> 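Have a look at the structure that comes next, please.
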Amino acid sequence: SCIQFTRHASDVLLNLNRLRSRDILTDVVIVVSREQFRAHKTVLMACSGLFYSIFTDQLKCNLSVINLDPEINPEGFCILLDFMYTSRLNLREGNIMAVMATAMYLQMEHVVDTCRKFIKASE
Amino acid sequence: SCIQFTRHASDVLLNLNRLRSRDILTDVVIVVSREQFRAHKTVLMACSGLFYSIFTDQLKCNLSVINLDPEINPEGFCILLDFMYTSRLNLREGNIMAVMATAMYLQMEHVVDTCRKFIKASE
Amino acid sequence: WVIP
Amino acid sequence: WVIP
Ligand SMILES: N#Cc1cnn2c(Nc3ccc4c(c3)CC(=O)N4)cc(Cl)nc12
Ligand SMILES: N#Cc1cnn2c(Nc3ccc4c(c3)CC(=O)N4)cc(Cl)nc12
Ligand SMILES: [Cl-]
Ligand SMILES: [Cl-]
């Protein structure tokens with residue numbers, strides 16, 4: 001018999017992105033080649049099958065630094081990290097291949113789906 | 001020029017509630033009289049003006065235990081904590097006064113609003 | 001607020 | 001997915 005506040009989930013995510021921008025309570029640095037991205041492990045796990053697996057691991061759960069595969073593109077990661085915290089995906093002709101490869105590695109199925117559909121439409 | 005995934009914010013919140021249920025990466029215990037509630041500081045701050053103030057404080061940000069005012073009702077807190085993690089508010093005739101008082105203390109304006117409207121309709 |  |  002609950003009532004539901006429609007905008008609550010979006011409002012929570014907006015405040016999680018504000019915490020990220022201010023570097024408040026971030027507990028991990030994701031290293032992608034020469035670039036570093038600070039984030040909250042809980043948000044990463046909530047968005048990515050890869051981070052969900054990493055941070056449920058009894059040893060990796062305590063690491064403050066995670067190094068991604070050297071084939072991962074930093075811009076592609078940046079675009080996906082922004083997506084995690086905002087629901088908005090900056091998908092462009094110039095970055096779609098890198099975004100799709102990063103989304104496959106991060107196990108972000110909905111992003112992979114749409115990248116596949118946008119690529120299929122251009123061929 | 002971003003695209004947006006409509007269900008993303010709700011999916012994130014669902015996974016944050018799963019982490020709470022499994023006690024994964026919880027970093028605070030909220031003590032309400034004889035009861036204890038484990039939570040994620042980032043979610044508490046994102047939902048509550050009171051927790052936002054508490055956890056941006058340079059000393060309180062590092063506490064693992066927060067004790068609420070002894071006038072706060074544990075059930076009212078439990079209902080609001082569930083709301084924070086789900087967008088669903090279990091508002092009933094028997095708990096509305098406790099929920100509204102707890103929402104005022106926690107500075108959860110949208111919950112206070114609706115409690116006020118539900119009370120006004122019954123008088 | 002809505003009835004979900 | 002939508003145009004926001
Ligand atoms: N507890 C917990 C918890 C935290 N996070 N999380 C999940 N995170 C996840 C796992 C796989 C995938 C995605 C997110 C997006 C995607 O495409 N695949 C799942 C579950 Cl079943 N549980 C949890
Ligand atoms: N950074 C950050 C950040 C984390 N959380 N958070 C806010 N949390 C908040 C503050 C006040 C109120 C509510 C939530 C619900 C309500 O009724 N009042 C606000 C801002 Cl402006 N910023 C942040
Ligand atoms: Cl996704
Ligand atoms: Cl609220």
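In what follows, every chain begins at residue 1, and chains take the letters A, B, ... in the order their sequences are listed. These values consider heavy atoms only, across backbone and side chains, with no hydrogens, waters or symmetry-generated copies.
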> Within the structure provided, determine whether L106(B) and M84(B) are in side-chain contact (heavy-atom separation under 4.5 Å).
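A side-chain contact under 4.5 Å exists here.
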> To the nearest 0.5 Å, what is the distance between CG on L89(A) and CG on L80(A)?
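Spacing of CG (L89(A)) from CG (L80(A)) equals 6.5 Å.
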> If we only count heavy atoms from C-beta on, is the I66(A) to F55(A) side-chain gap below 4.5 Å?
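SC-SC contact between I66(A) and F55(A) confirmed.
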> Kindly indicate, with the supporting measurements, whether the criterion side-chain contact (heavy atoms from CB on, under 4.5 Å) is fulfilled by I3(A) and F118(B).
CA-CA 11 Å; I3(A) 58 175; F118(B) 275 44; 3.9 Å; yes
> Quick check: do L19(B) and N15(B) have side-chain heavy atoms less than 4.5 Å from each other?
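No, side chains not in contact.
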> As an exercise, state the distance from SG of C61(B) to CD1 of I24(A), rounded to the nearest 0.5 Å.
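Those atoms lie 9.5 Å apart.
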> Run the side-chain contact (heavy atoms from CB on, under 4.5 Å) check on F37(B) and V28(B) step by step: do they pass?
CA-CA 8 Å; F37(B) 301 88; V28(B) 73; over 6 Å; no
> With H40(A), which residues qualify under side chain to side chain donor-acceptor pair (under 3.5 Å), at least two apart?
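Listed in chain order: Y85(A).
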> Show, in sequence, the C-alpha distance, side-chain angles and deciding distance for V32(A) and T102(A), and conclude whether the side-chain contact (heavy atoms from CB on, under 4.5 Å) test is met.
CA-CA 11 Å; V32(A) 191; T102(A) 311; over 6 Å; no
> Tell me, please, which residues at least two apart from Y52(B) pass ring-ring contact (aromatic ring centres under 6.0 Å, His included).
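Result, ring-ring contact (aromatic ring centres under 6.0 Å, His included) vs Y52(B): none returned.
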> Is there a side-chain contact between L16(B) and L16(A), using heavy atoms and a 4.5 Å cut-off?
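Heavy-atom side-chain distance check passes, below 4.5 Å.
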> Quick one, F5(B) and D11(B) - any side-chain contact, counting heavy atoms below 4.5 Å?
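SC-SC contact between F5(B) and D11(B) confirmed.
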> Whether the side chain of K41(B) engages the backbone of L25(A) through a donor-acceptor N/O pair (distance < 3.5 Å, no angle test) should be reported.
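Answer holds: no.
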> Could you tell me if the side chain of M104(B) sits less than 4.5 Å from the side chain of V99(B), heavy atoms only?
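No - every pair of side-chain heavy atoms lies 4.5 Å or more apart.
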> Once side chain to side chain donor-acceptor pair (under 3.5 Å) is applied, do any residues pair with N73(A), and if so which ones, sequence neighbours excluded?
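Expected list: none.
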> So which pairs with a foot in residues 77-86 of chain A pass salt bridge (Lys or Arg N to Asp or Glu O under 4.0 Å), sequence neighbours left out?
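Only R20(A)-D82(A) qualify under salt bridge (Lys or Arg N to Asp or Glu O under 4.0 Å).
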> Please identify each residue that fulfils side-chain contact (heavy atoms from CB on, under 4.5 Å) with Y105(A), with sequence neighbours left out.
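For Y105(A) the side-chain contact (heavy atoms from CB on, under 4.5 Å) partners, ignoring immediate neighbours, are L50(A), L68(A), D69(A), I72(A).
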> Between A103(A) and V111(A), what is the shortest heavy-atom contact and its length?
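Heavy atoms only, the tightest pair is CB-CG1, 3.6 Å.
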> State which residues pass side-chain contact (heavy atoms from CB on, under 4.5 Å) with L14(A); sequence neighbours excluded, sorted by chain then number.
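Listed in chain order: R18(A).
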> By side chain to side chain donor-acceptor pair (under 3.5 Å), which residues pair with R34(A), not counting sequence neighbours?
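Expected list: none.
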> Check the pair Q107(A) / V112(A) against side-chain contact (heavy atoms from CB on, under 4.5 Å), numbers first and verdict last.
CA-CA 8 Å; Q107(A) 302 164 35; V112(A) 175; over 6 Å; no
> Are any side-chain N or O atoms of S87(A) and backbone N or O atoms of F83(A), one a donor and one an acceptor, separated by less than 3.5 Å?
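No; zero donor-acceptor contacts below 3.5 Å.
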> Backbone N or O of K60(B) within a donor-acceptor pair of the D57(B) side chain at under 3.5 Å?
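A pair under 3.5 Å: yes.
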> Apply side-chain contact (heavy atoms from CB on, under 4.5 Å) to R88(A) and list each qualifying residue two or more places apart in sequence or on a separate chain.
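Listed in chain order: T86(A), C2(B), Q4(B), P4(D).
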> Looking only at atom types and distance, does a side-chain atom of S10(B) sit under 3.5 Å from a main-chain N or O of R7(B), one as donor and one as acceptor?
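No.
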> Mind checking what makes salt bridge (charged side-chain N to carboxylate O under 4.0 Å, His left out) contact with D27(A), not counting sequence neighbours?
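Checked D27(A) against salt bridge (charged side-chain N to carboxylate O under 4.0 Å, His left out); zero matches.
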> Once you round to the nearest 0.5 Å, how far does NE2 of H8(A) lie from SG of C47(B)?
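Those atoms lie 4.0 Å apart.
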> Verify, without hydrogens or angle tests, whether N95(A) (side chain) and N90(A) (backbone) share a donor-acceptor contact under 3.5 angstrom.
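Indeed, once roles are kept as given, a pair shorter than 3.5 Å links the two residues.
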> Ignoring hydrogens, what is the shortest heavy-atom contact between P74(A) and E35(A)? Give both atom names and the distance.
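Distance-wise, the nearest heavy atoms are CB-CG, 3.5 Å.
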> List the residues meeting side-chain contact (heavy atoms from CB on, under 4.5 Å) with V29(B), not counting sequence neighbours, and say none if there are none.
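In terms of side-chain contact (heavy atoms from CB on, under 4.5 Å), with neighbours along the sequence ignored, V29(B) is linked to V31(B), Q36(B), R38(B).
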